[PDB]
Amino acid sequence: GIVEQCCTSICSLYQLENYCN
Amino acid sequence: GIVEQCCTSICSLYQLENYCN
Amino acid sequence: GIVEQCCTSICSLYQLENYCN
Amino acid sequence: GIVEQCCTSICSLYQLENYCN
Amino acid sequence: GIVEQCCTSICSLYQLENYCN
Amino acid sequence: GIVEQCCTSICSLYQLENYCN
Amino acid sequence: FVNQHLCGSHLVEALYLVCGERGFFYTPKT
Amino acid sequence: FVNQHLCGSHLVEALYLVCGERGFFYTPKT
Amino acid sequence: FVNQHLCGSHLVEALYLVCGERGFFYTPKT
Amino acid sequence: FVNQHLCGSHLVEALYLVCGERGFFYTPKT
Amino acid sequence: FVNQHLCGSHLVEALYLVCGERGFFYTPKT
Amino acid sequence: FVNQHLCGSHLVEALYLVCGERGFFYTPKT
């Protein structure tokens, strides 16, 4: 997932990077 | 109403059309 | 109109009030 | 504070003015 | 591209669908 | 200034940090 | 989490997006 | 820089903010 | 529903709208 | 008037709105 | 308080902000 | 295309995002 983990209490910078292209 | 029904869990496309002008 | 006059350089408070319901 | 009191149920106009510069 | 064609004057619905997953 | 330099073509990360508290 | 007073500002974004060339009446009262 | 079709979504944010407990009619046509 | 970290980005939108020609200090700490 | 770097944040809002239950790939490069 | 369907439109704003010159894949499914 | 009066509401979104746990002073005057 990507939105569930972030739309709860915000994700870490390094976590978002895994979805970056 | 219009905001109460939509700000809860989002409304259907056809529901919004009733408020369109 | 309403958007043309406001999306240019912002409208006055009293101007928006004319569109308020 | 400023965000805690406003991100709950919105603050009053006069309250925000205290943070204005 | 995707942003260049849309951030100019908005894209068509069918155009955006090509980027949908 | 702060908005004039950023609302034009976006500012650098280090530039924004100067306005951070 | 604020309230309708700020949540509705985004409901309208999609609302007129549906209409496109049309408009709509928004009343953040109900 | 898009156009009115996306600029108006933010004009409304302030529009109903002025009204608060009131509503308003928004027509992204003119 | 996120949190203050994203809710405050919209509180400021109205905050400086009130000031208009003035500014304000925003601290997403409390 | 900023640039694509801030304009695209709103293009995506409508982009996934179209998909709804679907997703999409966004590249603010072109 | 809406839902992910409107909350994600702002998650992406920060998402591509991190990438900057890069893109990303957004799927409002999970 | 509006002006700084609406463009700055999004500059701040990224501004405090950088600070995260910190705040910042925003003056839509210059």
# chains A, B, ... in the order shown; residues from 1 in each chain; ligands from 1
>>> closest_atom_pairs(of="chain E", to="stretch 7-28 of chain K", cutoff="12 Å", atoms="only C-alpha atoms", output="CSV")
residue,atom,partner,partner_atom,distance
E:1,CA,K:23,CA,11.3
E:2,CA,K:23,CA,10.7
E:3,CA,K:23,CA,10.5
E:19,CA,K:25,CA,10.0
E:20,CA,K:27,CA,9.0
E:21,CA,K:27,CA,7.5
>>> write_last_selection(atoms="N, CA and C atoms", output="tab-separated table (two decimals), in the first residue's frame")
chain	number	residue	atom	x	y	z
E	1	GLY	N	5.02	12.99	-22.12
E	1	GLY	CA	4.80	13.88	-20.96
E	1	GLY	C	3.43	13.69	-20.36
E	2	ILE	N	3.16	14.41	-19.28
E	2	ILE	CA	1.88	14.32	-18.61
E	2	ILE	C	1.51	15.64	-17.93
E	3	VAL	N	2.49	16.27	-17.29
E	3	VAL	CA	2.23	17.51	-16.59
E	3	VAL	C	2.26	18.71	-17.52
E	19	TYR	N	-2.90	7.46	-18.27
E	19	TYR	CA	-1.92	7.45	-17.19
E	19	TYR	C	-2.47	6.75	-15.96
E	20	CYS	N	-3.72	6.33	-16.05
E	20	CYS	CA	-4.39	5.63	-14.96
E	20	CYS	C	-3.87	4.19	-14.85
E	21	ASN	N	-3.87	3.65	-13.65
E	21	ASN	CA	-3.39	2.30	-13.40
E	21	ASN	C	-4.47	1.46	-12.74
>>> closest_atom_pairs(of="chain F", to="chain H", cutoff="12 Å", atoms="only C-alpha atoms", output="JSON lines")
{"residue": "F:7", "atom": "CA", "partner": "H:1", "partner_atom": "CA", "distance": 11.8}
{"residue": "F:8", "atom": "CA", "partner": "H:1", "partner_atom": "CA", "distance": 11.3}
{"residue": "F:9", "atom": "CA", "partner": "H:1", "partner_atom": "CA", "distance": 11.5}
>>> write_last_selection(atoms="N, CA and C atoms", output="PDB file, in the first residue's frame")
ATOM      1  N   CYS F   7       7.172  32.565  -5.041  1.00  0.00           N
ATOM      2  CA  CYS F   7       5.991  32.437  -5.891  1.00  0.00           C
ATOM      3  C   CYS F   7       6.322  32.652  -7.370  1.00  0.00           C
ATOM      4  N   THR F   8       7.591  32.879  -7.682  1.00  0.00           N
ATOM      5  CA  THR F   8       7.983  33.076  -9.067  1.00  0.00           C
ATOM      6  C   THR F   8       8.350  31.738  -9.719  1.00  0.00           C
ATOM      7  N   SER F   9       9.415  31.098  -9.250  1.00  0.00           N
ATOM      8  CA  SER F   9       9.835  29.820  -9.811  1.00  0.00           C
ATOM      9  C   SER F   9      10.305  28.853  -8.722  1.00  0.00           C
TER      10      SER F   9
END
>>> calpha_fit_and_write(fixed="chain K", moving="chain G", output="PDB file with N, CA and C atoms, in the first residue's frame")
ATOM      1  N   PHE G   1     -14.911  15.109   7.400  1.00  0.00           N
ATOM      2  CA  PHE G   1     -13.583  14.445   7.487  1.00  0.00           C
ATOM      3  C   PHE G   1     -13.276  13.619   6.238  1.00  0.00           C
ATOM      4  N   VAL G   2     -14.265  13.530   5.337  1.00  0.00           N
ATOM      5  CA  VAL G   2     -14.168  12.782   4.075  1.00  0.00           C
ATOM      6  C   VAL G   2     -13.423  11.452   4.216  1.00  0.00           C
ATOM      7  N   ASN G   3     -12.568  11.124   3.252  1.00  0.00           N
ATOM      8  CA  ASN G   3     -11.841   9.864   3.288  1.00  0.00           C
ATOM      9  C   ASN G   3     -10.579   9.948   2.430  1.00  0.00           C
ATOM     10  N   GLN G   4      -9.931   8.804   2.249  1.00  0.00           N
ATOM     11  CA  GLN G   4      -8.720   8.662   1.447  1.00  0.00           C
ATOM     12  C   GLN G   4      -8.887   9.295   0.066  1.00  0.00           C
ATOM     13  N   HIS G   5     -10.106   9.208  -0.451  1.00  0.00           N
ATOM     14  CA  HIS G   5     -10.450   9.733  -1.769  1.00  0.00           C
ATOM     15  C   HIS G   5     -10.178  11.238  -1.907  1.00  0.00           C
ATOM     16  N   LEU G   6      -9.987  11.931  -0.792  1.00  0.00           N
ATOM     17  CA  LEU G   6      -9.703  13.369  -0.816  1.00  0.00           C
ATOM     18  C   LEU G   6      -8.443  13.690  -0.018  1.00  0.00           C
ATOM     19  N   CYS G   7      -8.079  12.780   0.863  1.00  0.00           N
ATOM     20  CA  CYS G   7      -6.897  12.927   1.696  1.00  0.00           C
ATOM     21  C   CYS G   7      -5.635  12.647   0.887  1.00  0.00           C
ATOM     22  N   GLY G   8      -5.753  11.734  -0.070  1.00  0.00           N
ATOM     23  CA  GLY G   8      -4.626  11.374  -0.904  1.00  0.00           C
ATOM     24  C   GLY G   8      -4.218  12.459  -1.883  1.00  0.00           C
ATOM     25  N   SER G   9      -5.135  13.369  -2.203  1.00  0.00           N
ATOM     26  CA  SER G   9      -4.843  14.452  -3.139  1.00  0.00           C
ATOM     27  C   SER G   9      -3.799  15.398  -2.562  1.00  0.00           C
ATOM     28  N   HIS G  10      -3.580  15.300  -1.261  1.00  0.00           N
ATOM     29  CA  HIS G  10      -2.618  16.156  -0.595  1.00  0.00           C
ATOM     30  C   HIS G  10      -1.371  15.374  -0.230  1.00  0.00           C
ATOM     31  N   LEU G  11      -1.503  14.055  -0.164  1.00  0.00           N
ATOM     32  CA  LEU G  11      -0.354  13.207   0.121  1.00  0.00           C
ATOM     33  C   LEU G  11       0.594  13.270  -1.068  1.00  0.00           C
ATOM     34  N   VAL G  12       0.002  13.328  -2.261  1.00  0.00           N
ATOM     35  CA  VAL G  12       0.761  13.405  -3.503  1.00  0.00           C
ATOM     36  C   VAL G  12       1.503  14.729  -3.627  1.00  0.00           C
ATOM     37  N   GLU G  13       0.904  15.800  -3.105  1.00  0.00           N
ATOM     38  CA  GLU G  13       1.512  17.129  -3.157  1.00  0.00           C
ATOM     39  C   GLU G  13       2.897  17.104  -2.522  1.00  0.00           C
ATOM     40  N   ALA G  14       3.006  16.405  -1.406  1.00  0.00           N
ATOM     41  CA  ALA G  14       4.272  16.279  -0.711  1.00  0.00           C
ATOM     42  C   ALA G  14       5.132  15.195  -1.357  1.00  0.00           C
ATOM     43  N   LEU G  15       4.469  14.159  -1.863  1.00  0.00           N
ATOM     44  CA  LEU G  15       5.138  13.036  -2.512  1.00  0.00           C
ATOM     45  C   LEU G  15       6.046  13.481  -3.659  1.00  0.00           C
ATOM     46  N   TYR G  16       5.509  14.220  -4.625  1.00  0.00           N
ATOM     47  CA  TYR G  16       6.335  14.653  -5.743  1.00  0.00           C
ATOM     48  C   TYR G  16       7.245  15.811  -5.346  1.00  0.00           C
ATOM     49  N   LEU G  17       6.956  16.438  -4.208  1.00  0.00           N
ATOM     50  CA  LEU G  17       7.789  17.528  -3.713  1.00  0.00           C
ATOM     51  C   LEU G  17       9.125  16.946  -3.270  1.00  0.00           C
ATOM     52  N   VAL G  18       9.066  15.726  -2.741  1.00  0.00           N
ATOM     53  CA  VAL G  18      10.254  15.007  -2.299  1.00  0.00           C
ATOM     54  C   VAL G  18      11.102  14.638  -3.510  1.00  0.00           C
ATOM     55  N   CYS G  19      10.433  14.110  -4.529  1.00  0.00           N
ATOM     56  CA  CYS G  19      11.086  13.707  -5.762  1.00  0.00           C
ATOM     57  C   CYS G  19      11.638  14.916  -6.512  1.00  0.00           C
ATOM     58  N   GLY G  20      10.849  15.982  -6.573  1.00  0.00           N
ATOM     59  CA  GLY G  20      11.268  17.194  -7.251  1.00  0.00           C
ATOM     60  C   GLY G  20      11.380  17.022  -8.750  1.00  0.00           C
ATOM     61  N   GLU G  21      12.541  16.576  -9.199  1.00  0.00           N
ATOM     62  CA  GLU G  21      12.790  16.368 -10.617  1.00  0.00           C
ATOM     63  C   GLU G  21      12.379  14.959 -11.029  1.00  0.00           C
ATOM     64  N   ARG G  22      12.014  14.147 -10.049  1.00  0.00           N
ATOM     65  CA  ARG G  22      11.605  12.778 -10.309  1.00  0.00           C
ATOM     66  C   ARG G  22      10.089  12.654 -10.205  1.00  0.00           C
ATOM     67  N   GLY G  23       9.567  11.494 -10.565  1.00  0.00           N
ATOM     68  CA  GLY G  23       8.140  11.264 -10.480  1.00  0.00           C
ATOM     69  C   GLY G  23       7.818  10.230  -9.429  1.00  0.00           C
ATOM     70  N   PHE G  24       6.641   9.628  -9.516  1.00  0.00           N
ATOM     71  CA  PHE G  24       6.226   8.604  -8.564  1.00  0.00           C
ATOM     72  C   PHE G  24       4.908   7.975  -8.996  1.00  0.00           C
ATOM     73  N   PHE G  25       4.644   6.780  -8.505  1.00  0.00           N
ATOM     74  CA  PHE G  25       3.408   6.090  -8.822  1.00  0.00           C
ATOM     75  C   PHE G  25       2.463   6.157  -7.631  1.00  0.00           C
ATOM     76  N   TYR G  26       1.266   6.667  -7.865  1.00  0.00           N
ATOM     77  CA  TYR G  26       0.287   6.812  -6.806  1.00  0.00           C
ATOM     78  C   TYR G  26      -0.934   5.947  -7.071  1.00  0.00           C
ATOM     79  N   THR G  27      -1.254   5.086  -6.127  1.00  0.00           N
ATOM     80  CA  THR G  27      -2.402   4.215  -6.259  1.00  0.00           C
ATOM     81  C   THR G  27      -3.324   4.345  -5.047  1.00  0.00           C
ATOM     82  N   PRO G  28      -4.393   5.163  -5.161  1.00  0.00           N
ATOM     83  CA  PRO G  28      -5.360   5.369  -4.074  1.00  0.00           C
ATOM     84  C   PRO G  28      -6.263   4.150  -3.895  1.00  0.00           C
ATOM     85  N   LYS G  29      -5.623   3.007  -3.752  1.00  0.00           N
ATOM     86  CA  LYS G  29      -6.300   1.737  -3.590  1.00  0.00           C
ATOM     87  C   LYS G  29      -5.936   1.146  -2.231  1.00  0.00           C
ATOM     88  N   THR G  30      -4.707   1.418  -1.807  1.00  0.00           N
ATOM     89  CA  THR G  30      -4.185   0.951  -0.534  1.00  0.00           C
ATOM     90  C   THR G  30      -3.031   1.867  -0.126  1.00  0.00           C
TER      91      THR G  30
END
